[PDB]
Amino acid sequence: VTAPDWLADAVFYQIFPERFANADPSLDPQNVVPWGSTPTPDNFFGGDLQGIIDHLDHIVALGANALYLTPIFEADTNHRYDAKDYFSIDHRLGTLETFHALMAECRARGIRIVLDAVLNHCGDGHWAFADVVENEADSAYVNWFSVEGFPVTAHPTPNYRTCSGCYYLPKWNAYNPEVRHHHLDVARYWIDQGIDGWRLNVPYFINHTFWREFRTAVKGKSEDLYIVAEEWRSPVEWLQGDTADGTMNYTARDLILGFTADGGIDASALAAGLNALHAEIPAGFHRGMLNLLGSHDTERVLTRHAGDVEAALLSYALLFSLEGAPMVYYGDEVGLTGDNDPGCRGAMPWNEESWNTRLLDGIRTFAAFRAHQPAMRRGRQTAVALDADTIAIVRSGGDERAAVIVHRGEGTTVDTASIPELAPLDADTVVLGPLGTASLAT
């Protein structure tokens, strides 16, 4: 197949729901921490679904029209990849009624919602696993997991298969038809609650036979439901038409940040990598790629840039220029900082005096350009290096075209007429100042 058409016009906002906004005190756990606390793997801040509803104006003001939520099902941890019941929202987030309110408000605003499908593993608190821990070989669920022997032992190393050796993340046995039934049931159930797509967590830990069945199940509900795979290496395996519509585009993240933050990759090397990536992606799937600069699994963009806001803006300029759907990680738009998980999972500040408004306004501008220019959404991409510190991202439909020139040096001029991919813009000589960008259209 090809990715859903609507992805061309999508702009995602990624939220880690424990940390976006706390609107309902009745849902706070007894162990809640102050909103300004340092995140850790164990604490709870009380972010909730009503908090999301209440701040949808912020997200629409940024230019986003879709949300990617990390897991929201009942779970013991703050990140919720350890689900204990795939059929219930976590009690600290809210009820199913509140979830439907969020969906209804999103539908009213034209915002789509993509949830995080965690099918490789559950939590050790999941009712099926607890039943195996208690009843052992007599449990009906023993073969829902891969338990080496009894008793079940977590420490010092688990005697059961897990996600990357983590004792509290037992691995689901996806070779058991009963487990596959459960998983495909979860996929269909949440679609029925109104969601618009699923992001696949570590799909490479399962197998393609299962993911083909998953696509069939999802697309059987609606061909317009989006499936995006988490993939940190090449996307190609997920874009053959039988599994995903796109991947999280971590390849492009690495290219962009190597140029704008690290210094190590120059414009020639950035263009060659972008063009090679675009060529590897099959036609019909470029639009489904979910492009990003950071996530809940990376340091924050502004930290990667060592606090250099103008340089960080270069990375946003590149992000919004690329074919595929751009995604901003919550808080990055106001210049939050932090090292990798747990450091990137700080609470979103709502006191606007802490906000970096140069970043916010800048990202808003790049979003507006893409929104206004059809070619920036539906146009094919070519990357053209001009010199070691200067790159142009050209998006061309037919007769029309647009281009974003990004410069990481101390200034340059571009003779647009001498560059064949830029010549149709009829833009003459463009002068860029230090860490400058320019956005041009026919």
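One-based numbering along the sequence shown.
Engineer: Output the stretch having the higher mean C-alpha B factor in the entry; the candidates are 321 to 329 and 75 to 83.
Structural biologist: Here the higher of the two C-alpha B-factor means belongs to 321 to 329.
Engineer: Once you work out the mean C-alpha B-factor for both 268 to 276 and 247 to 255 from the entry, which is higher?
Structural biologist: Between 247 to 255 and 268 to 276, it is 268 to 276.
Engineer: Whose CA atom has the top B-factor in the entry, of 69, 64, 414, 33?
Structural biologist: If I rank 69, 64, 414, 33 by C-alpha B-factor, first place goes to 414.
Engineer: Give the position of residue 15 by CA B-factor within its chain, expressed as the lowest, middle or highest third.
Structural biologist: Lowest third - that is where residue 15 ends up once the chain's C-alpha B-factors are sorted.
Engineer: Name the third of the chain's ranked CA B-factors that contains residue 129, choosing lowest, middle or highest.
Structural biologist: Answer is lowest: the recorded C-alpha B-factor places it there.
Engineer: For residue 306, return the chain-relative third of its C-alpha B-factor as stated in the PDB record: lowest, middle or highest.
Structural biologist: Highest third, going by the recorded CA B-factors of the chain.
Engineer: For the chain shown, is the CA B-factor of residue 353 in the lowest, middle or highest third of its modelled residues?
Structural biologist: As the PDB entry reports it, the C-alpha B-factor of residue 353 lands in the highest third of its chain.
Engineer: How does residue 50 rank on Cα B-factor within its chain, lowest, middle or highest third?
Structural biologist: Residue 50: CA B-factor falls in the middle third of its chain.
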